Structure formats: structure tokens, C-alpha cells
């Protein structure tokens, strides 16, 4: 079972002895520190953490003894604060005397603003604020996934709108393929859930259950998929029977959408001779609601897509849409599910545009690019102390490294407000109390072991919408 006493960086076990004597308050905040890309971030994921790890009775006698025994060997010494944790158990029935204020999940906030704050509600538990820094900082991941996913939606929206004149099917244009390419099962659920803030297509099943448990949707599920082959279901038929494989598969799924990887041996042959000639009759007979979706999976992502499109364009009846862009017949589509990240996604859609192909024709699948190739330094997600009370006196604290002004932290009690022009501003040094910027936009989401405010997955999605989607009014 999880033990919050064992869920922090080792050195933090020793920090209680390091604060100035008579410290009664430690106050800390989390921001996506400012540095041309990623100017605004989607705040998402804290609610998961609060519910799974921080709420209720997270301290027991058994957990204290367990931590005590581990740390004695781990430090080769008795530095573990047994007394502090026993106080929490006895005084608060194992509930954390902590208050956390945060912006609503789904909110899109410019870099450099306070996103959440943490402070102890009991003087005895001054040391507790930064004990849970490590676990709270992991919110960087759902935040970064949601933001990076949304940034890709922006690109897709722009090119779909330009090449087709609408945003139909936008929420199915970037599909989650990252299940095998992430570092764990838990990461898979968290990351997939973060992607679903922006899209509805996912193969990472783990995301569904997490959303249902911690967030909730009106609909039965937040994400969807359709049948598709893998290399094993093609190659198993033997190299000489790839056509037999294709025919069986499209026949088994004749009335629903089906995607078929076509690069096991020769993508260009499979498109031109097998799909385009041998099995063409089984494709042109398919309903608009059940297209064949051809998936290339190798080579240069842009070059392969362009060639595949030129091939299908010569074997199938291509139309020209109202914007002048070429469109495959509605029973035929393409998905590129290899080598896709935010950079290559941009290169492909731009390349398609230059060759007069509508983005209607294509969908994208992304795995490691979507869920694994992200770090905490992408958005500079950072947790710092800004305010302490020692000897009854409030002190505004901060770091300001001489060789890196970018690592400067904010001072004093923080608050988030609207500016007269409708933008966000973070106020420091308790200045929010002056009431010149209206009310603090942060909400208390956690206090004394209880989750005091939460958001449905439907509300989060609403909060995270694009302006171009909002401009459908």
C-alpha cells in the first residue's frame, strides 16, 4: 500500500531540523515559470493527486513504524521525524493539516502565474508544506501533456479550417497511441486522461477508468476507438498472402470504420496494387460511416503521406472541395501513426497544404511523442516557498540566483486576478488584500484532509476549449 511518509525526496526527511526556530507557517506555490512556444498552459491533474494520495487518513501507526525502519537503514541514522507524524495521527486522525488553493482545472493560464499554493494550517506542522512538494510537483506531467496536446489541436484546427472551411472531426484528428511507449501503467492512465481534455480518440484504455473515478463525464466514456490491424495480424498470413490478410480484415469489419497498416512489406505496392486494384471493389462499396483508413508506418512521415495520397488519388475518384483542396472519396481515409510529435505534425499538415490536399483526408496517431517525450523543464514547472512566519513575524522569501535570473521566485503571499483588459495577473507580497484587482481567482481545493472543491471532466474540457472553437458562437 502507498505510504505518504515514503513518497518524498530523501533529503526532505531531514528538513524539519533546518528551518529557523519558532517557525509556525510555511507557504509555498507552484508556477509554470516564464522564460516563443507554450505561452499558456492547461492546468490539469491536481485533483487526481489530491484524491488518490493526499485525502483522508493517510497516516497510521503502521505507516510511521514502516517509514521509521526504512529511514534508519536508508540514512544509516535516526533522522526521521517520528514525533511530527505521530502528532498528525493523534491530533487529526491521520489527516493532513494543509490548505491548498488552486485555479480551476482546465483553465488556460499564461506562463509565470501562480497555479496553486500550499500552506500548513497547524503551527506544529510547518515542516509539512514542503514534504509534499515532490508528490505535488508531479502535476507537471498531466499539465504538460494537456498543454502540448492542446497546442497540437491549434495547429490541426488552423489547417483543417483553411483547407476545408470547418472544424468537423477536429476532436478525432490526434489519436493517443502512447500506451506501450510510456514508463508505466499509472503514467499511461494519467497521460491519456490529459490528452482527452483536448481530443476524444484514444487507444490508451487506462485513461478511461481514471477519468470515471476521479473526474466523471455525462457520457459513458470520454474516449473512443475503432477496429484496426497491427503488423502481426497481417504478417501472420505469410509474405505472399498480404492481400488475403487485407481482404479478411476489411470483410470482418465491413460496416464499421477500420484501419489497416499497409507497410509490412511495401506500402506503395499495397496502396497501388492491392487496395487500388485487387481489392478496390471491396473499398468503393463501403459506407461513409465505415471508411477504410490506410495506415503507413515507416519512412519519412511527410514524404510517405504525400506519396500514399498521390497513389490513392490516381486509383480512386478524387473530388475538389469548396476551398479548392483535393479530397479522397468518403469511404477512404489515411492515418499517420508513426513519427508524430508537435514538430512533425506541423510539417506534415503544411506539406499536405502545399500539395493541395485537405486535412480532411488525414488523422494522426502519436505515442511517445504525445505521452513520453515531455519533461518538467518544458514549461518550467516549479514549486517554491514564498512566505514564512517565524517568531510570529511574516517574512516574504524567495531565491534569486545571480547566474540565472530566470530562476527567480515570487515573494510573499500570492493571489491571482483579472486585469482590466481581462487578462491574468499574479499579485505578490500580499498585495491582493488591497482589493485593487478584485477577488482572488484561486479556490480552496483541499483543506485538513478533505477535498473541498472539484471539477467534472466535462467542465474541464469546456475550460480548455480553443478560442476558434469558442468563436463558433
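Residue numbers count along the first chain shown, from 1.
When the other compared entries with both flanking residues are checked, residue 33 is modelled in all of them, not unmodelled in a third.
The modelled chain breaks between residue 35 and residue 36, where 4 to 9 residues of the deposited sequence lack coordinates. Just going by the entry, 87-95 versus 219-227 on mean CA temperature factor gives the higher value to 87-95. For the segment pair 192-200 and 293-301, the entry gives 293-301 the higher mean B-factor, averaged over Cα atoms.
When the C-alpha B factors of 212, 353, 248, 333 are read from the deposited coordinates, the top value falls at 212. When the Cα B-factors of 238, 337, 394, 142 are read from the PDB record, 394 comes out highest.
Among the modelled residues of the chain, residue 263 sits in the lowest third by CA temperature factor in this PDB entry. In the deposited entry, the Cα temperature factor of residue 16 places it in the highest third of its chain's modelled residues. Per the deposited record, the Cα B-factor of residue 112 falls in the middle third when ranked against the other modelled residues of its chain.
For residue 389, the recorded CA temperature factor ranks within the highest third of the chain's modelled residues. Per the PDB record, residue ranking by Cα B-factor puts residue 428 in the middle third of the chain.
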